[PDB]
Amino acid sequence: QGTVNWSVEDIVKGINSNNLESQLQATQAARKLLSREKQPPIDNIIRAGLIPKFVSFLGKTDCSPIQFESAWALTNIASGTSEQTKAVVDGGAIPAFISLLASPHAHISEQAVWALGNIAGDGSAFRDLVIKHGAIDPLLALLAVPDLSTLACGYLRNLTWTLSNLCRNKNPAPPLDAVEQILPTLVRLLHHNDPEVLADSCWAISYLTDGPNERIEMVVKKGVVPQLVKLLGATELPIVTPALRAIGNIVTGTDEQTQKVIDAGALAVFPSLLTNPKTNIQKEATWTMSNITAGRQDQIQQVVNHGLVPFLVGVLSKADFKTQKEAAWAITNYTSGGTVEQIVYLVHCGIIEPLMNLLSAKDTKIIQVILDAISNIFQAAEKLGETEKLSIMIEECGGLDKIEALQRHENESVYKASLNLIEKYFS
(Lines of atoms letter the chains of each structure in order from A and count residues from 1; the text may use other names and numbers.)
(Lines give C-alpha, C1' and ligand atoms only; values in the text may rest on other atoms or scores of the structure.)
Protein backbone atom coordinates (compact mmCIF):
# COMPACT_ATOMS: atom_id res chain seq x y z
CA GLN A 1 0.00 0.00 0.00
CA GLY A 2 1.27 3.44 -1.00
CA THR A 3 -0.73 5.43 1.53
CA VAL A 4 1.85 5.06 4.30
CA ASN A 5 3.56 8.14 5.84
CA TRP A 6 2.07 10.90 3.71
CA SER A 7 2.70 14.48 4.74
CA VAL A 8 -0.40 16.50 5.68
CA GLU A 9 0.24 18.68 2.66
CA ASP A 10 -0.02 15.66 0.31
CA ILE A 11 -3.19 14.54 2.05
CA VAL A 12 -4.65 18.00 1.48
CA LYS A 13 -3.58 18.00 -2.18
CA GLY A 14 -5.24 14.64 -2.75
CA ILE A 15 -8.49 15.47 -0.92
CA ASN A 16 -8.79 18.74 -2.88
CA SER A 17 -8.15 17.04 -6.29
CA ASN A 18 -11.76 16.47 -7.41
CA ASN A 19 -10.75 12.87 -8.31
CA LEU A 20 -12.80 10.54 -6.14
CA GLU A 21 -10.07 7.88 -6.26
CA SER A 22 -7.30 10.35 -5.45
CA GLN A 23 -9.51 11.56 -2.62
CA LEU A 24 -9.93 8.00 -1.39
CA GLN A 25 -6.18 7.37 -1.40
CA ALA A 26 -5.55 10.63 0.41
CA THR A 27 -8.29 9.88 3.00
CA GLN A 28 -6.79 6.46 3.65
CA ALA A 29 -3.40 8.10 4.07
CA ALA A 30 -5.01 10.43 6.64
CA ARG A 31 -6.51 7.42 8.46
CA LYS A 32 -3.11 5.81 8.68
CA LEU A 33 -1.52 9.02 10.06
CA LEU A 34 -4.36 9.37 12.55
CA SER A 35 -4.17 5.75 13.76
CA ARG A 36 -0.46 5.72 14.67
CA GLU A 37 0.09 5.25 18.40
CA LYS A 38 2.82 7.90 18.79
CA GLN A 39 1.49 11.46 18.54
CA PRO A 40 -0.99 11.21 15.68
CA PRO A 41 -1.20 14.66 14.09
CA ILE A 42 -4.81 15.42 15.08
CA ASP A 43 -4.36 19.20 15.43
CA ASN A 44 -2.44 19.43 12.15
CA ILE A 45 -5.28 17.58 10.39
CA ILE A 46 -7.87 19.89 11.96
CA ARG A 47 -5.84 23.01 11.10
CA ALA A 48 -5.54 21.87 7.47
CA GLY A 49 -9.34 22.16 7.34
CA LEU A 50 -9.97 18.48 6.51
CA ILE A 51 -12.91 17.74 8.83
CA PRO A 52 -15.61 19.15 6.51
CA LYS A 53 -14.22 17.02 3.65
CA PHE A 54 -14.23 13.88 5.82
CA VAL A 55 -17.77 14.56 6.89
CA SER A 56 -18.79 15.06 3.26
CA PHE A 57 -17.16 11.69 2.46
CA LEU A 58 -19.34 10.00 5.08
CA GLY A 59 -22.26 10.57 2.69
CA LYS A 60 -20.71 8.91 -0.38
CA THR A 61 -22.95 5.87 -0.54
CA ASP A 62 -21.45 4.97 -3.94
CA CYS A 63 -17.93 4.79 -2.49
CA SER A 64 -18.12 2.71 0.71
CA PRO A 65 -14.32 2.59 1.10
CA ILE A 66 -14.11 6.39 1.51
CA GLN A 67 -17.05 6.30 3.95
CA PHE A 68 -15.04 3.87 6.02
CA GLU A 69 -11.71 5.66 5.83
CA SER A 70 -13.24 9.02 6.70
CA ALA A 71 -15.22 7.37 9.53
CA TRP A 72 -12.05 5.93 11.05
CA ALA A 73 -10.16 9.25 10.64
CA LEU A 74 -12.98 11.20 12.31
CA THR A 75 -13.35 8.58 15.01
CA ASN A 76 -9.76 9.18 16.04
CA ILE A 77 -9.99 12.93 15.91
CA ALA A 78 -13.12 12.63 18.04
CA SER A 79 -11.25 10.35 20.50
CA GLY A 80 -9.04 13.28 21.51
CA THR A 81 -9.54 16.36 23.67
CA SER A 82 -12.90 18.06 24.09
CA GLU A 83 -11.75 20.70 21.63
CA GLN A 84 -10.91 18.01 19.05
CA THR A 85 -14.26 16.24 19.55
CA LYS A 86 -15.90 19.64 19.25
CA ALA A 87 -14.18 20.17 15.87
CA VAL A 88 -15.76 16.91 14.68
CA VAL A 89 -19.22 17.90 15.92
CA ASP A 90 -18.86 21.42 14.48
CA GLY A 91 -18.23 19.83 11.07
CA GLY A 92 -21.74 18.29 11.06
CA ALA A 93 -20.54 14.77 11.86
CA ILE A 94 -23.36 13.72 14.21
CA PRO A 95 -26.22 13.31 11.66
CA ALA A 96 -23.77 11.93 9.04
CA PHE A 97 -22.68 9.18 11.44
CA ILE A 98 -26.27 8.51 12.44
CA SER A 99 -27.06 8.07 8.72
CA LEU A 100 -24.18 5.59 8.52
CA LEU A 101 -25.67 3.41 11.21
CA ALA A 102 -27.88 1.94 8.42
CA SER A 103 -24.96 1.06 6.11
CA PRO A 104 -25.21 -2.46 4.59
CA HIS A 105 -21.51 -2.73 5.47
CA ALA A 106 -20.98 -4.00 8.99
CA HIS A 107 -17.49 -2.55 9.33
CA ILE A 108 -18.82 0.90 8.38
CA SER A 109 -21.90 0.85 10.67
CA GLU A 110 -19.58 -0.37 13.45
CA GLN A 111 -17.22 2.54 12.77
CA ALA A 112 -20.15 4.98 13.00
CA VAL A 113 -21.21 3.38 16.32
CA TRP A 114 -17.66 3.87 17.61
CA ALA A 115 -17.51 7.51 16.50
CA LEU A 116 -20.88 8.33 18.11
CA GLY A 117 -19.60 6.70 21.30
CA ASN A 118 -16.58 9.07 21.38
CA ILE A 119 -18.77 12.10 20.75
CA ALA A 120 -21.29 11.12 23.43
CA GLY A 121 -18.36 10.19 25.68
CA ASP A 122 -17.22 13.78 25.72
CA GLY A 123 -19.81 14.92 28.28
CA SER A 124 -23.49 15.60 28.98
CA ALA A 125 -24.00 18.20 26.26
CA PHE A 126 -22.65 16.17 23.30
CA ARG A 127 -24.34 13.02 24.73
CA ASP A 128 -27.67 14.84 24.79
CA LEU A 129 -27.03 16.36 21.34
CA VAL A 130 -26.37 12.89 19.90
CA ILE A 131 -29.69 11.78 21.43
CA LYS A 132 -31.54 14.82 19.97
CA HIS A 133 -30.24 13.96 16.47
CA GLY A 134 -32.00 10.60 16.94
CA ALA A 135 -29.12 8.17 17.51
CA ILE A 136 -30.92 5.82 19.93
CA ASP A 137 -33.50 4.25 17.54
CA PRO A 138 -30.99 3.07 14.88
CA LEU A 139 -28.50 1.99 17.54
CA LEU A 140 -31.13 -0.18 19.27
CA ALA A 141 -32.25 -1.43 15.86
CA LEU A 142 -28.78 -2.91 15.36
CA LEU A 143 -29.35 -5.09 18.43
CA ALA A 144 -32.91 -6.15 17.54
CA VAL A 145 -32.05 -9.75 16.78
CA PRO A 146 -33.48 -12.94 18.35
CA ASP A 147 -30.11 -13.95 19.80
CA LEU A 148 -27.15 -11.61 20.52
CA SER A 149 -24.82 -14.58 19.98
CA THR A 150 -25.34 -14.28 16.22
CA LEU A 151 -23.71 -10.81 16.12
CA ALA A 152 -19.98 -10.37 15.56
CA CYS A 153 -18.22 -10.10 18.91
CA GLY A 154 -16.26 -6.84 18.32
CA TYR A 155 -19.39 -5.30 16.81
CA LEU A 156 -21.54 -6.16 19.86
CA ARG A 157 -18.86 -4.88 22.22
CA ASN A 158 -18.72 -1.55 20.35
CA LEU A 159 -22.51 -1.18 20.44
CA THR A 160 -22.59 -1.99 24.16
CA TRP A 161 -19.83 0.53 24.93
CA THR A 162 -21.47 3.34 22.88
CA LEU A 163 -24.83 2.68 24.56
CA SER A 164 -23.04 2.84 27.91
CA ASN A 165 -21.76 6.31 26.98
CA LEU A 166 -25.36 7.34 26.29
CA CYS A 167 -26.07 6.33 29.89
CA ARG A 168 -22.95 8.02 31.32
CA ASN A 169 -22.35 11.45 32.99
CA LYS A 170 -24.47 13.80 35.09
CA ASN A 171 -25.40 17.47 35.55
CA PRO A 172 -27.59 16.61 33.88
CA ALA A 173 -28.20 12.90 33.88
CA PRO A 174 -29.40 11.54 30.53
CA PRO A 175 -33.02 12.33 29.50
CA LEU A 176 -35.56 10.10 31.30
CA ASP A 177 -37.25 8.95 28.02
CA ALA A 178 -33.84 8.04 26.64
CA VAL A 179 -33.02 5.94 29.69
CA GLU A 180 -36.43 4.24 29.42
CA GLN A 181 -35.84 3.60 25.73
CA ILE A 182 -32.40 2.09 26.29
CA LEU A 183 -33.06 -0.01 29.44
CA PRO A 184 -34.64 -3.17 27.94
CA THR A 185 -31.72 -3.64 25.49
CA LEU A 186 -29.37 -2.97 28.34
CA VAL A 187 -31.04 -5.70 30.48
CA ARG A 188 -30.67 -8.11 27.56
CA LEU A 189 -26.95 -7.24 27.26
CA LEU A 190 -26.60 -7.78 31.01
CA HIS A 191 -27.64 -11.38 30.43
CA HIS A 192 -25.16 -11.92 27.55
CA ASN A 193 -22.21 -14.32 27.99
CA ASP A 194 -19.30 -12.18 26.75
CA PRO A 195 -17.25 -10.74 29.65
CA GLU A 196 -16.62 -7.38 27.97
CA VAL A 197 -20.31 -6.92 27.08
CA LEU A 198 -21.18 -7.81 30.70
CA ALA A 199 -18.63 -5.38 32.06
CA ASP A 200 -19.82 -2.43 29.96
CA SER A 201 -23.51 -3.30 30.50
CA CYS A 202 -22.93 -3.12 34.27
CA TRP A 203 -21.03 0.08 33.98
CA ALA A 204 -24.09 1.46 32.11
CA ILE A 205 -26.38 0.13 34.89
CA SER A 206 -24.10 1.71 37.51
CA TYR A 207 -24.36 5.08 35.72
CA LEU A 208 -28.12 4.86 35.62
CA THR A 209 -28.29 4.06 39.39
CA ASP A 210 -25.89 6.88 40.27
CA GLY A 211 -28.63 9.45 41.01
CA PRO A 212 -31.92 10.21 42.86
CA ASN A 213 -34.23 7.39 44.06
CA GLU A 214 -36.43 7.78 40.97
CA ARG A 215 -33.47 6.95 38.73
CA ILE A 216 -32.59 3.95 40.91
CA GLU A 217 -36.23 2.88 40.79
CA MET A 218 -36.31 2.85 36.99
CA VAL A 219 -33.56 0.27 37.01
CA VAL A 220 -34.68 -1.79 39.99
CA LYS A 221 -38.20 -2.04 38.48
CA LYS A 222 -36.66 -3.80 35.45
CA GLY A 223 -35.79 -6.71 37.77
CA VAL A 224 -32.03 -6.59 37.17
CA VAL A 225 -30.92 -6.84 40.84
CA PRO A 226 -30.68 -10.68 40.89
CA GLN A 227 -28.52 -10.54 37.77
CA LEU A 228 -26.37 -7.86 39.37
CA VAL A 229 -25.87 -10.06 42.48
CA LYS A 230 -24.93 -12.94 40.23
CA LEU A 231 -22.36 -10.78 38.52
CA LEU A 232 -21.26 -9.67 41.97
CA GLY A 233 -20.17 -13.23 42.40
CA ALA A 234 -18.18 -13.51 39.14
CA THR A 235 -14.56 -14.58 39.14
CA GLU A 236 -13.70 -11.89 36.58
CA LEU A 237 -12.72 -8.67 38.36
CA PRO A 238 -13.75 -6.41 35.37
CA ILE A 239 -17.25 -7.78 35.95
CA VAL A 240 -17.29 -7.70 39.76
CA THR A 241 -16.14 -4.10 39.92
CA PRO A 242 -19.16 -2.54 38.07
CA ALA A 243 -21.62 -5.04 39.58
CA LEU A 244 -20.43 -3.83 43.00
CA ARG A 245 -20.60 -0.18 42.02
CA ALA A 246 -24.18 -0.68 40.79
CA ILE A 247 -25.24 -2.50 43.91
CA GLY A 248 -23.63 0.20 46.10
CA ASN A 249 -25.47 2.91 44.20
CA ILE A 250 -28.72 1.02 44.58
CA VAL A 251 -28.38 0.78 48.37
CA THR A 252 -27.99 4.56 48.56
CA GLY A 253 -31.70 4.58 47.60
CA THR A 254 -34.72 3.75 49.79
CA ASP A 255 -34.89 0.99 52.40
CA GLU A 256 -37.13 -0.96 50.04
CA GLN A 257 -34.62 -0.74 47.16
CA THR A 258 -31.90 -1.90 49.57
CA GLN A 259 -34.14 -4.72 50.65
CA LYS A 260 -34.32 -5.87 47.06
CA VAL A 261 -30.52 -6.09 47.14
CA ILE A 262 -30.61 -8.19 50.35
CA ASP A 263 -33.44 -10.44 49.13
CA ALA A 264 -31.41 -11.31 46.04
CA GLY A 265 -28.65 -12.74 48.25
CA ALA A 266 -25.99 -10.02 47.93
CA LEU A 267 -24.82 -10.24 51.56
CA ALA A 268 -23.50 -13.78 51.10
CA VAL A 269 -20.85 -12.36 48.76
CA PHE A 270 -19.46 -9.87 51.24
CA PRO A 271 -17.14 -12.17 53.20
CA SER A 272 -15.04 -12.33 49.99
CA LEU A 273 -15.59 -8.72 48.96
CA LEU A 274 -14.58 -7.42 52.38
CA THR A 275 -11.34 -9.43 52.16
CA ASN A 276 -10.72 -8.96 48.45
CA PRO A 277 -7.05 -8.35 47.63
CA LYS A 278 -8.06 -5.46 45.32
CA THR A 279 -8.15 -2.33 47.47
CA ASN A 280 -10.90 -0.62 45.43
CA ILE A 281 -13.14 -3.71 45.76
CA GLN A 282 -12.66 -3.72 49.55
CA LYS A 283 -13.30 0.02 49.76
CA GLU A 284 -16.43 -0.08 47.64
CA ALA A 285 -17.75 -3.18 49.43
CA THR A 286 -17.24 -1.43 52.75
CA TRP A 287 -18.97 1.72 51.45
CA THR A 288 -21.85 -0.49 50.35
CA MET A 289 -22.03 -2.05 53.83
CA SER A 290 -22.16 1.44 55.39
CA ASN A 291 -25.21 2.24 53.33
CA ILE A 292 -26.87 -1.02 54.28
CA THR A 293 -26.16 -0.43 58.04
CA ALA A 294 -27.76 3.01 57.73
CA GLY A 295 -30.98 1.07 57.09
CA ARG A 296 -33.71 -0.50 59.23
CA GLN A 297 -33.08 -2.68 62.24
CA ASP A 298 -34.24 -5.78 60.36
CA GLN A 299 -31.63 -4.94 57.69
CA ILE A 300 -28.91 -4.45 60.33
CA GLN A 301 -30.11 -7.84 61.65
CA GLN A 302 -29.54 -9.28 58.18
CA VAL A 303 -25.97 -8.00 58.31
CA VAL A 304 -25.55 -9.75 61.68
CA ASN A 305 -27.05 -13.05 60.52
CA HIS A 306 -24.73 -13.22 57.53
CA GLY A 307 -21.77 -12.96 59.92
CA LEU A 308 -20.60 -9.68 58.45
CA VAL A 309 -19.88 -7.84 61.67
CA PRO A 310 -16.61 -9.77 62.24
CA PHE A 311 -15.63 -8.75 58.69
CA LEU A 312 -16.35 -5.10 59.54
CA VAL A 313 -14.16 -5.50 62.63
CA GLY A 314 -11.49 -6.93 60.27
CA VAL A 315 -11.58 -4.05 57.81
CA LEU A 316 -11.58 -1.57 60.69
CA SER A 317 -8.52 -3.37 62.17
CA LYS A 318 -6.46 -3.57 59.01
CA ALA A 319 -7.12 -2.13 55.57
CA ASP A 320 -6.14 0.72 53.30
CA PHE A 321 -7.04 3.92 55.23
CA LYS A 322 -9.91 4.96 52.93
CA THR A 323 -11.49 1.54 53.42
CA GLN A 324 -11.06 2.03 57.17
CA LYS A 325 -12.87 5.37 56.88
CA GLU A 326 -15.78 3.67 55.14
CA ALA A 327 -15.76 1.02 57.92
CA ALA A 328 -15.90 3.73 60.56
CA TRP A 329 -18.97 5.07 58.72
CA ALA A 330 -20.55 1.60 58.59
CA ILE A 331 -20.09 1.35 62.38
CA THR A 332 -21.50 4.81 63.13
CA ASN A 333 -24.54 4.05 60.98
CA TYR A 334 -24.98 0.66 62.63
CA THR A 335 -24.77 2.15 66.15
CA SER A 336 -27.07 4.99 65.13
CA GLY A 337 -29.87 2.76 63.89
CA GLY A 338 -29.28 -0.46 65.80
CA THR A 339 -31.13 -2.03 68.72
CA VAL A 340 -29.35 -2.28 72.09
CA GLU A 341 -28.76 -6.01 71.48
CA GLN A 342 -27.25 -5.34 68.02
CA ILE A 343 -24.90 -2.73 69.54
CA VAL A 344 -23.94 -5.11 72.38
CA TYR A 345 -23.24 -7.77 69.72
CA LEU A 346 -20.97 -5.27 67.99
CA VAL A 347 -18.93 -4.80 71.13
CA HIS A 348 -18.76 -8.56 71.76
CA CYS A 349 -17.27 -8.93 68.24
CA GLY A 350 -14.38 -6.68 69.23
CA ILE A 351 -15.18 -3.32 67.63
CA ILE A 352 -13.82 -1.17 70.45
CA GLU A 353 -10.07 -1.70 70.13
CA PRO A 354 -9.76 -1.04 66.36
CA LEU A 355 -12.14 1.91 66.70
CA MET A 356 -9.92 3.40 69.41
CA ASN A 357 -6.76 2.70 67.41
CA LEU A 358 -8.15 4.77 64.57
CA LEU A 359 -8.52 7.79 66.85
CA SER A 360 -4.82 8.50 66.30
CA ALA A 361 -5.48 9.28 62.62
CA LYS A 362 -4.70 12.72 61.13
CA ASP A 363 -8.22 12.89 59.66
CA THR A 364 -10.69 15.14 61.44
CA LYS A 365 -13.81 13.69 59.82
CA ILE A 366 -13.06 10.07 60.76
CA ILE A 367 -12.40 11.32 64.29
CA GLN A 368 -15.83 12.88 64.35
CA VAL A 369 -17.39 9.68 62.99
CA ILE A 370 -15.67 7.50 65.59
CA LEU A 371 -16.52 9.79 68.51
CA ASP A 372 -20.10 9.68 67.28
CA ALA A 373 -19.96 5.88 67.24
CA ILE A 374 -18.51 5.75 70.77
CA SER A 375 -21.27 8.08 71.92
CA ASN A 376 -23.91 5.80 70.46
CA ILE A 377 -22.36 2.75 72.10
CA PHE A 378 -22.17 4.53 75.47
CA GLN A 379 -25.85 5.40 75.06
CA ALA A 380 -26.65 1.68 74.68
CA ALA A 381 -24.51 0.91 77.76
CA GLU A 382 -26.43 3.61 79.67
CA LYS A 383 -29.56 1.75 78.71
CA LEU A 384 -27.98 -1.33 80.31
CA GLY A 385 -26.26 0.41 83.23
CA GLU A 386 -22.97 -0.89 81.86
CA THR A 387 -21.17 2.36 81.06
CA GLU A 388 -18.56 1.58 83.72
CA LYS A 389 -17.68 -1.70 82.01
CA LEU A 390 -17.40 0.07 78.66
CA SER A 391 -15.25 2.83 80.19
CA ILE A 392 -12.93 0.18 81.54
CA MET A 393 -12.81 -1.54 78.16
CA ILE A 394 -11.86 1.74 76.46
CA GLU A 395 -9.28 2.60 79.10
CA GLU A 396 -7.59 -0.82 78.93
CA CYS A 397 -6.82 -0.63 75.22
CA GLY A 398 -5.49 2.94 75.41
CA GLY A 399 -8.66 4.58 74.14
CA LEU A 400 -9.01 6.95 77.08
CA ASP A 401 -5.57 8.43 76.42
CA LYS A 402 -6.59 9.26 72.88
CA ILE A 403 -9.97 10.73 73.81
CA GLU A 404 -8.33 12.79 76.56
CA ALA A 405 -5.78 14.06 74.04
CA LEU A 406 -8.55 14.97 71.57
CA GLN A 407 -9.64 17.73 73.95
CA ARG A 408 -6.58 19.71 72.74
CA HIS A 409 -7.57 19.02 69.10
CA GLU A 410 -8.04 22.20 67.07
CA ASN A 411 -11.37 21.18 65.50
CA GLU A 412 -14.32 22.47 67.57
CA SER A 413 -16.82 19.62 67.31
CA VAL A 414 -14.01 17.19 68.13
CA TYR A 415 -12.82 18.72 71.43
CA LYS A 416 -16.47 19.25 72.25
CA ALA A 417 -17.62 15.67 71.70
CA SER A 418 -14.45 14.40 73.41
CA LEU A 419 -14.61 16.77 76.38
CA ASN A 420 -18.21 15.64 76.72
CA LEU A 421 -17.22 11.94 76.72
CA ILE A 422 -14.43 12.52 79.27
CA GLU A 423 -16.69 14.61 81.49
CA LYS A 424 -19.61 12.19 81.24
CA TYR A 425 -17.98 8.75 81.49
CA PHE A 426 -14.38 9.21 82.63
CA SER A 427 -14.51 11.18 85.89
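Position 1 is the first residue in the sequence shown; the rest follow in order.
Compare the mean C-alpha B-factor of 187-195 with that of 335-343 as given in the PDB entry, and name the stretch with the higher value.
Per the deposited B-factors, the answer is 335-343.
Pick between 105-113 and 161-169: the one whose mean CA B-factor in the entry is higher.
Looking at the record's C-alpha B-factors, the answer is 105-113.
Highest Cα B-factor in the PDB entry belongs to which of 394, 66, 55, 45?
The listed residue with the largest C-alpha B-factor is 394.
Relative C-alpha B-factor of residue 38, binned into the chain's lowest, middle or highest third:
Answer is highest: the recorded C-alpha B-factor places it there.
Position of residue 387 among the chain's modelled residues by C-alpha B-factor, lowest, middle or highest third
Answer is highest: the recorded C-alpha B-factor places it there.
Rank-wise, by C-alpha B-factor, drop residue 11 into the lowest, middle or highest third of its chain.
Its C-alpha B-factor belongs to the middle third of this chain's values.
Looking at the C-alpha B-factor of residue 223, is it in the lowest, middle or highest third of its chain?
Ranked within chain, residue 223 CA B lands in the middle tercile.
Relative C-alpha B-factor of residue 22, binned into the chain's lowest, middle or highest third:
Lowest third - that is where residue 22 ends up once the chain's C-alpha B-factors are sorted.
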